[PDB]
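Enquirer: Structure below; questions to follow.
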Amino acid sequence: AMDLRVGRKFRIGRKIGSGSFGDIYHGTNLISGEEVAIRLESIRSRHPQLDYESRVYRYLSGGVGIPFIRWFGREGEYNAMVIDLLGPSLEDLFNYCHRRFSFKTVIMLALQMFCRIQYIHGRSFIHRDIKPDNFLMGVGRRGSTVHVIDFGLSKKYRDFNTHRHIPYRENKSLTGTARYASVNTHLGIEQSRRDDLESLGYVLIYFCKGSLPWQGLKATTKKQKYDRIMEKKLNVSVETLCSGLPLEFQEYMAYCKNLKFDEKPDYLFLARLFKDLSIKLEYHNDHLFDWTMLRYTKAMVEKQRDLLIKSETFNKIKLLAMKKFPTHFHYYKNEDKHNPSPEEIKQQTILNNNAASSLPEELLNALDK
Amino acid sequence: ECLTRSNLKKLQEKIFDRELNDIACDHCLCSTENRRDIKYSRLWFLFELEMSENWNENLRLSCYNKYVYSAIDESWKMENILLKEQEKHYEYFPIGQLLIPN
Ligand SMILES: [Zn+2]
């Protein structure tokens with residue numbers, strides 16, 4: 001009774017998440033011990049999507065950062081989809097880092113996210129649900145790699161036989177998440193490649209600033225809320241939206257919002273923007289994200305703390321990480337309304353170096369390492 | 001044997017009872033005091049437990065699998081994911097980030 005299986009090959013373990021489709025469980029291959037994730041969807045659902053997703057995943061298989069489907073089918077009253085076990089989502093890690101990412105991490109993420117979207121588009125699909133929650137790090141030695149999930153709203157944007165782009169259509173309903181939805185999605189215009197990239201832009205700005213200007217708008221109904229987010233999006237300039245950020249972000253948003261409906265994005269131009277920014281800031285390609293260094297610093301500190309024996313405790317760990325890796329941790333400043341230069345941003349390196357730390361005894365121990 | 005809402009619920013109750021009460025190591029990251037700090041269980045189970053105290057196995061294998069899954073069924077197999085290759089279409093993963101010092 002404690003041995004519950006899917007596809008006769010996988011064993012269900014700990015619940016690791018819960019979506020609108022249903023729940024997600026850790027699992028293991030019974031023969032190899034390989035770790036998997038198992039998604040269960042009740043056949044009683046009014047909006048079944050797991051069958052559809054499994055076909056889109058299989059169609060996209062082989063792309064870098066596309067989860068591999070191991071199995072899909074019925075098990076009792078559920079449909080079950082077995083895929084690669086992945087790590088936390090970028091929204092999860094955003095919370096881990098107390099909801100600000102450094103420029104180095106935002107750039108590292110942007111570059112991988114560009115490749116994922118470019119790959120999906122090259123397979124004739126648009127994702128249509130771009131948000132931090134749908135990008136996940138791998139586990140083990142896949143832990144440096146961003147993966148994309150949730151193809152429930154994805155659709156083909158061009159006909160296979162003719163490569164004819166889908167027709168421009170209106171009156172379409174807003175089907176994704178409102179916070180990251182493109183303006184044209186609010187207008188009820190058919191989404192195309194440009195909309196995935198515009199939404200990605202909103203995600204990147206959100207990572208930098210901690211929030212987007214259309215969060216926290218209050219409304220009496222759902223349609224009211226969507227419309228108010230729409231009006232906010234329509235009326236914030238790219239200049240305003242990207243204030244305080246390197247000019248690259250504004251250039252990215254202006255490009256994406258300027259794309260015609262059926263136009264192929266210049267993905268290489270977008271990547272070059274951020275690659276060049278990374279070079280200007282002299283960020284080393286070392287595969288160290290904010291959370292990489294925070295997790296490591298925390299483990300090392302807490303172990304020393306234990307030998308010796310909140311947000312404040314986290315902030316102390318963050319301060320220590322920033323002193324140890326001073327060239328890695330550069331942040332957006334809420335006060336800035338201009339676009340900082342690379343030298344201006346790199347001033348924070350010196351700040352991080354000289355940042356005072358609270359605990360004398362523990363530090364002496366960390367030094368003596 | 002058959003997958004039902006009720007069998008699933010009962011399995012999860014046993015798993016979480018072991019998880020909450022019976023992980024008997026003394027590792028800071030495994031501890032209930034560490035877990036109490038985090039709100040999103042995936043940041044613990046799929047992120048902090050990627051770390052390795054003994055530099056051979058991660059904590060999900062050395063501790064979670066030992067005190068939870070193995071406690072439920074001794075034959076419950078979990079591989080060592082750190083013994084896998086650095087795979088061709090994946091970003092380089094610096095293994096040092098997992099190796100807990102001291
Ligand atoms: Zn442990």
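Ligands are numbered from 1 in the order shown, residues from 1 within each chain, and chains are lettered A, B, ... in the order they appear in the structure tokens.
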Skipping near chain neighbours, those fewer than 3 positions away, what residues fall within 10 Å of stretch 16-29 of chain A using only C-alpha atoms, listed as a PDB file with N, CA, C and O atoms, in the first residue's frame?

Expert:
```pdb
ATOM      1  N   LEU A   4       3.310   2.668  -4.509  1.00  0.00           N
ATOM      2  CA  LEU A   4       2.410   3.150  -5.551  1.00  0.00           C
ATOM      3  C   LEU A   4       3.214   3.452  -6.815  1.00  0.00           C
ATOM      4  O   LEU A   4       4.217   4.170  -6.773  1.00  0.00           O
ATOM      5  N   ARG A   5       2.768   2.905  -7.936  1.00  0.00           N
ATOM      6  CA  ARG A   5       3.557   2.962  -9.154  1.00  0.00           C
ATOM      7  C   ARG A   5       2.810   3.581 -10.314  1.00  0.00           C
ATOM      8  O   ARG A   5       1.578   3.599 -10.347  1.00  0.00           O
ATOM      9  N   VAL A   6       3.589   4.081 -11.264  1.00  0.00           N
ATOM     10  CA  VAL A   6       3.094   4.657 -12.493  1.00  0.00           C
ATOM     11  C   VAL A   6       3.883   4.027 -13.627  1.00  0.00           C
ATOM     12  O   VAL A   6       5.118   3.930 -13.546  1.00  0.00           O
ATOM     13  N   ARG A   8       4.160   1.079 -14.451  1.00  0.00           N
ATOM     14  CA  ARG A   8       4.812  -0.130 -13.951  1.00  0.00           C
ATOM     15  C   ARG A   8       6.311   0.005 -13.659  1.00  0.00           C
ATOM     16  O   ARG A   8       6.928  -0.930 -13.172  1.00  0.00           O
ATOM     17  N   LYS A   9       6.888   1.172 -13.923  1.00  0.00           N
ATOM     18  CA  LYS A   9       8.336   1.324 -13.879  1.00  0.00           C
ATOM     19  C   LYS A   9       8.798   2.347 -12.836  1.00  0.00           C
ATOM     20  O   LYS A   9       9.953   2.332 -12.402  1.00  0.00           O
ATOM     21  N   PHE A  10       7.899   3.232 -12.421  1.00  0.00           N
ATOM     22  CA  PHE A  10       8.285   4.331 -11.533  1.00  0.00           C
ATOM     23  C   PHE A  10       7.513   4.273 -10.231  1.00  0.00           C
ATOM     24  O   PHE A  10       6.334   3.938 -10.221  1.00  0.00           O
ATOM     25  N   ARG A  11       8.182   4.603  -9.134  1.00  0.00           N
ATOM     26  CA  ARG A  11       7.539   4.564  -7.828  1.00  0.00           C
ATOM     27  C   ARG A  11       7.313   5.978  -7.302  1.00  0.00           C
ATOM     28  O   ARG A  11       8.202   6.821  -7.374  1.00  0.00           O
ATOM     29  N   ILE A  12       6.117   6.246  -6.794  1.00  0.00           N
ATOM     30  CA  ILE A  12       5.778   7.586  -6.309  1.00  0.00           C
ATOM     31  C   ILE A  12       6.316   7.841  -4.899  1.00  0.00           C
ATOM     32  O   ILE A  12       6.101   7.048  -3.993  1.00  0.00           O
ATOM     33  N   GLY A  13       7.011   8.962  -4.731  1.00  0.00           N
ATOM     34  CA  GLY A  13       7.464   9.404  -3.425  1.00  0.00           C
ATOM     35  C   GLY A  13       6.866  10.734  -2.982  1.00  0.00           C
ATOM     36  O   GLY A  13       5.673  10.994  -3.159  1.00  0.00           O
ATOM     37  N   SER A  32      16.505   1.301 -12.007  1.00  0.00           N
ATOM     38  CA  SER A  32      17.768   2.030 -12.034  1.00  0.00           C
ATOM     39  C   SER A  32      17.977   2.943 -10.832  1.00  0.00           C
ATOM     40  O   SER A  32      19.105   3.350 -10.542  1.00  0.00           O
ATOM     41  N   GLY A  33      16.893   3.281 -10.140  1.00  0.00           N
ATOM     42  CA  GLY A  33      16.969   4.244  -9.052  1.00  0.00           C
ATOM     43  C   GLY A  33      17.048   5.683  -9.544  1.00  0.00           C
ATOM     44  O   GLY A  33      17.213   6.627  -8.758  1.00  0.00           O
ATOM     45  N   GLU A  34      16.939   5.873 -10.851  1.00  0.00           N
ATOM     46  CA  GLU A  34      16.955   7.234 -11.389  1.00  0.00           C
ATOM     47  C   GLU A  34      15.784   8.054 -10.866  1.00  0.00           C
ATOM     48  O   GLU A  34      14.653   7.568 -10.794  1.00  0.00           O
ATOM     49  N   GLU A  35      16.068   9.303 -10.505  1.00  0.00           N
ATOM     50  CA  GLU A  35      15.063  10.200  -9.961  1.00  0.00           C
ATOM     51  C   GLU A  35      14.219  10.837 -11.056  1.00  0.00           C
ATOM     52  O   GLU A  35      14.742  11.279 -12.074  1.00  0.00           O
ATOM     53  N   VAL A  36      12.916  10.890 -10.833  1.00  0.00           N
ATOM     54  CA  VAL A  36      12.001  11.508 -11.802  1.00  0.00           C
ATOM     55  C   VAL A  36      11.033  12.446 -11.110  1.00  0.00           C
ATOM     56  O   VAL A  36      10.945  12.459  -9.873  1.00  0.00           O
ATOM     57  N   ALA A  37      10.274  13.208 -11.903  1.00  0.00           N
ATOM     58  CA  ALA A  37       9.122  13.927 -11.366  1.00  0.00           C
ATOM     59  C   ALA A  37       7.870  13.361 -12.021  1.00  0.00           C
ATOM     60  O   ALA A  37       7.876  13.069 -13.212  1.00  0.00           O
ATOM     61  N   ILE A  38       6.821  13.172 -11.231  1.00  0.00           N
ATOM     62  CA  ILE A  38       5.588  12.550 -11.728  1.00  0.00           C
ATOM     63  C   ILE A  38       4.457  13.528 -11.549  1.00  0.00           C
ATOM     64  O   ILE A  38       4.170  13.928 -10.430  1.00  0.00           O
ATOM     65  N   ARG A  39       3.821  13.914 -12.657  1.00  0.00           N
ATOM     66  CA  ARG A  39       2.702  14.836 -12.609  1.00  0.00           C
ATOM     67  C   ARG A  39       1.419  14.028 -12.749  1.00  0.00           C
ATOM     68  O   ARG A  39       1.338  13.185 -13.633  1.00  0.00           O
ATOM     69  N   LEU A  40       0.457  14.277 -11.861  1.00  0.00           N
ATOM     70  CA  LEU A  40      -0.825  13.571 -11.858  1.00  0.00           C
ATOM     71  C   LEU A  40      -1.965  14.532 -12.147  1.00  0.00           C
ATOM     72  O   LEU A  40      -2.073  15.598 -11.536  1.00  0.00           O
ATOM     73  N   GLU A  41      -2.835  14.146 -13.071  1.00  0.00           N
ATOM     74  CA  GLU A  41      -3.964  14.986 -13.415  1.00  0.00           C
ATOM     75  C   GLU A  41      -5.232  14.138 -13.347  1.00  0.00           C
ATOM     76  O   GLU A  41      -5.310  13.115 -14.013  1.00  0.00           O
ATOM     77  N   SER A  42      -6.191  14.540 -12.520  1.00  0.00           N
ATOM     78  CA  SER A  42      -7.464  13.821 -12.396  1.00  0.00           C
ATOM     79  C   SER A  42      -8.206  13.827 -13.729  1.00  0.00           C
ATOM     80  O   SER A  42      -8.234  14.854 -14.394  1.00  0.00           O
ATOM     81  N   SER A  45     -10.891  16.530 -14.324  1.00  0.00           N
ATOM     82  CA  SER A  45     -10.580  17.930 -14.611  1.00  0.00           C
ATOM     83  C   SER A  45     -11.382  18.505 -15.793  1.00  0.00           C
ATOM     84  O   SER A  45     -11.642  17.808 -16.777  1.00  0.00           O
ATOM     85  N   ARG A  46     -11.776  19.773 -15.689  1.00  0.00           N
ATOM     86  CA  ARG A  46     -12.566  20.423 -16.734  1.00  0.00           C
ATOM     87  C   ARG A  46     -11.688  20.927 -17.868  1.00  0.00           C
ATOM     88  O   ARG A  46     -12.164  21.172 -18.973  1.00  0.00           O
ATOM     89  N   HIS A  47     -10.407  21.103 -17.575  1.00  0.00           N
ATOM     90  CA  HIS A  47      -9.454  21.590 -18.557  1.00  0.00           C
ATOM     91  C   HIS A  47      -8.222  20.687 -18.606  1.00  0.00           C
ATOM     92  O   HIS A  47      -7.129  21.098 -18.230  1.00  0.00           O
ATOM     93  N   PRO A  48      -8.397  19.437 -19.063  1.00  0.00           N
ATOM     94  CA  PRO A  48      -7.255  18.516 -19.085  1.00  0.00           C
ATOM     95  C   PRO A  48      -6.147  19.026 -19.985  1.00  0.00           C
ATOM     96  O   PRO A  48      -6.428  19.548 -21.070  1.00  0.00           O
ATOM     97  N   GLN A  49      -4.902  18.892 -19.557  1.00  0.00           N
ATOM     98  CA  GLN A  49      -3.831  19.386 -20.403  1.00  0.00           C
ATOM     99  C   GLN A  49      -2.620  18.465 -20.457  1.00  0.00           C
ATOM    100  O   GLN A  49      -1.774  18.615 -21.338  1.00  0.00           O
ATOM    101  N   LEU A  50      -2.537  17.495 -19.552  1.00  0.00           N
ATOM    102  CA  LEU A  50      -1.324  16.676 -19.498  1.00  0.00           C
ATOM    103  C   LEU A  50      -1.083  15.856 -20.783  1.00  0.00           C
ATOM    104  O   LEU A  50       0.062  15.730 -21.219  1.00  0.00           O
ATOM    105  N   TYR A  78      -6.232   8.870 -12.626  1.00  0.00           N
ATOM    106  CA  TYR A  78      -5.399   9.967 -13.068  1.00  0.00           C
ATOM    107  C   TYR A  78      -4.842   9.737 -14.446  1.00  0.00           C
ATOM    108  O   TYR A  78      -4.760   8.604 -14.907  1.00  0.00           O
ATOM    109  N   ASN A  79      -4.416  10.824 -15.076  1.00  0.00           N
ATOM    110  CA  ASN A  79      -3.405  10.750 -16.112  1.00  0.00           C
ATOM    111  C   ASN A  79      -2.074  11.119 -15.472  1.00  0.00           C
ATOM    112  O   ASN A  79      -2.020  12.054 -14.675  1.00  0.00           O
ATOM    113  N   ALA A  80      -1.023  10.381 -15.817  1.00  0.00           N
ATOM    114  CA  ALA A  80       0.303  10.579 -15.227  1.00  0.00           C
ATOM    115  C   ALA A  80       1.334  10.860 -16.313  1.00  0.00           C
ATOM    116  O   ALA A  80       1.353  10.180 -17.330  1.00  0.00           O
ATOM    117  N   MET A  81       2.192  11.853 -16.075  1.00  0.00           N
ATOM    118  CA  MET A  81       3.275  12.203 -16.989  1.00  0.00           C
ATOM    119  C   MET A  81       4.576  12.172 -16.190  1.00  0.00           C
ATOM    120  O   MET A  81       4.695  12.875 -15.185  1.00  0.00           O
ATOM    121  N   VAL A  82       5.520  11.349 -16.628  1.00  0.00           N
ATOM    122  CA  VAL A  82       6.796  11.190 -15.921  1.00  0.00           C
ATOM    123  C   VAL A  82       7.881  11.881 -16.712  1.00  0.00           C
ATOM    124  O   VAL A  82       8.064  11.609 -17.901  1.00  0.00           O
ATOM    125  N   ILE A  83       8.576  12.804 -16.060  1.00  0.00           N
ATOM    126  CA  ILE A  83       9.681  13.515 -16.700  1.00  0.00           C
ATOM    127  C   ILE A  83      10.885  13.564 -15.790  1.00  0.00           C
ATOM    128  O   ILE A  83      10.808  13.170 -14.618  1.00  0.00           O
ATOM    129  N   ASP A  84      11.998  14.051 -16.350  1.00  0.00           N
ATOM    130  CA  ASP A  84      13.210  14.391 -15.598  1.00  0.00           C
ATOM    131  C   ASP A  84      12.884  15.079 -14.288  1.00  0.00           C
ATOM    132  O   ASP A  84      12.023  15.967 -14.252  1.00  0.00           O
ATOM    133  N   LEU A  85      13.542  14.679 -13.205  1.00  0.00           N
ATOM    134  CA  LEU A  85      13.417  15.465 -11.988  1.00  0.00           C
ATOM    135  C   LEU A  85      14.192  16.759 -12.201  1.00  0.00           C
ATOM    136  O   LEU A  85      15.351  16.733 -12.613  1.00  0.00           O
ATOM    137  N   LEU A  86      13.540  17.880 -11.944  1.00  0.00           N
ATOM    138  CA  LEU A  86      14.180  19.185 -12.005  1.00  0.00           C
ATOM    139  C   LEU A  86      14.288  19.802 -10.608  1.00  0.00           C
ATOM    140  O   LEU A  86      13.653  19.330  -9.652  1.00  0.00           O
ATOM    141  N   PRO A  88      14.410  23.677  -8.276  1.00  0.00           N
ATOM    142  CA  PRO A  88      13.440  24.752  -8.039  1.00  0.00           C
ATOM    143  C   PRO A  88      13.286  25.631  -9.265  1.00  0.00           C
ATOM    144  O   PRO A  88      14.176  25.661 -10.117  1.00  0.00           O
ATOM    145  N   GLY A 152       1.235  23.761 -21.640  1.00  0.00           N
ATOM    146  CA  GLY A 152      -0.218  23.644 -21.707  1.00  0.00           C
ATOM    147  C   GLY A 152      -0.897  24.685 -22.595  1.00  0.00           C
ATOM    148  O   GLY A 152      -1.946  24.417 -23.187  1.00  0.00           O
TER     149      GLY A 152
ATOM    150  N   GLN B  12       1.504   9.899   1.426  1.00  0.00           N
ATOM    151  CA  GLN B  12       2.095  11.196   1.757  1.00  0.00           C
ATOM    152  C   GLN B  12       2.132  11.409   3.264  1.00  0.00           C
ATOM    153  O   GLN B  12       3.051  12.031   3.787  1.00  0.00           O
ATOM    154  N   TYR B  40       9.207  27.438   0.850  1.00  0.00           N
ATOM    155  CA  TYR B  40       8.971  26.642  -0.345  1.00  0.00           C
ATOM    156  C   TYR B  40       9.798  25.368  -0.301  1.00  0.00           C
ATOM    157  O   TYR B  40      11.008  25.396  -0.517  1.00  0.00           O
ATOM    158  N   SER B  41       9.118  24.257  -0.015  1.00  0.00           N
ATOM    159  CA  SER B  41       9.756  22.978   0.283  1.00  0.00           C
ATOM    160  C   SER B  41      10.759  22.550  -0.788  1.00  0.00           C
ATOM    161  O   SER B  41      11.720  21.843  -0.487  1.00  0.00           O
ATOM    162  N   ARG B  42      10.563  22.999  -2.023  1.00  0.00           N
ATOM    163  CA  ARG B  42      11.487  22.655  -3.093  1.00  0.00           C
ATOM    164  C   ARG B  42      12.870  23.279  -2.901  1.00  0.00           C
ATOM    165  O   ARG B  42      13.870  22.726  -3.345  1.00  0.00           O
ATOM    166  N   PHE B  45      14.156  20.507  -0.391  1.00  0.00           N
ATOM    167  CA  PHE B  45      14.254  19.140  -0.924  1.00  0.00           C
ATOM    168  C   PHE B  45      15.054  19.019  -2.223  1.00  0.00           C
ATOM    169  O   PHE B  45      15.756  18.037  -2.433  1.00  0.00           O
ATOM    170  N   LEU B  46      14.948  20.015  -3.092  1.00  0.00           N
ATOM    171  CA  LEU B  46      15.537  19.930  -4.434  1.00  0.00           C
ATOM    172  C   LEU B  46      16.683  20.932  -4.628  1.00  0.00           C
ATOM    173  O   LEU B  46      17.186  21.110  -5.740  1.00  0.00           O
ATOM    174  N   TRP B  76      13.759   0.351  -1.606  1.00  0.00           N
ATOM    175  CA  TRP B  76      13.523   1.568  -2.393  1.00  0.00           C
ATOM    176  C   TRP B  76      14.851   2.170  -2.873  1.00  0.00           C
ATOM    177  O   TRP B  76      15.607   2.732  -2.082  1.00  0.00           O
ATOM    178  N   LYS B  77      15.131   2.043  -4.166  1.00  0.00           N
ATOM    179  CA  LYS B  77      16.419   2.448  -4.727  1.00  0.00           C
ATOM    180  C   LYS B  77      16.463   3.907  -5.170  1.00  0.00           C
ATOM    181  O   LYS B  77      15.525   4.410  -5.801  1.00  0.00           O
ATOM    182  N   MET B  78      17.563   4.576  -4.841  1.00  0.00           N
ATOM    183  CA  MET B  78      17.850   5.915  -5.353  1.00  0.00           C
ATOM    184  C   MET B  78      19.300   5.959  -5.820  1.00  0.00           C
ATOM    185  O   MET B  78      20.201   5.609  -5.054  1.00  0.00           O
ATOM    186  N   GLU B  79      19.547   6.378  -7.060  1.00  0.00           N
ATOM    187  CA  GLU B  79      20.927   6.398  -7.549  1.00  0.00           C
ATOM    188  C   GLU B  79      21.699   7.603  -7.010  1.00  0.00           C
ATOM    189  O   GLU B  79      21.111   8.548  -6.489  1.00  0.00           O
TER     190      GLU B  79
END
```

Enquirer: Using only C-alpha atoms and all ligand atoms, which residues of the polymer chains come no farther than 9 Å from ligand 1? I'd like the answer as an MDAnalysis selection string.

Expert: chainID B and resid 23:31 49 53 59:60 62:64

Enquirer: Pick the closest to chain B from A:123, A:284, A:14, A:260: which is it, counting only C-alpha atoms?

Expert: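 Comparing A:123, A:284, A:14, A:260 against chain B, the winner is A:14.
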
Enquirer: Please report the interatomic distance between atom CA of residue A:135 and atom CA of residue A:177 in Å with one decimal.

Expert: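 About the pair atom CA of residue A:135 and atom CA of residue A:177: they are 14.2 Å apart.
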
Enquirer: Which residues are close to residue A:341, i.e. within 9 Å by only C-alpha atoms, leaving aside same-chain residues fewer than 3 positions away? Reply as a PyMOL selection string.

Expert: chain A and resi 246-247+344-346
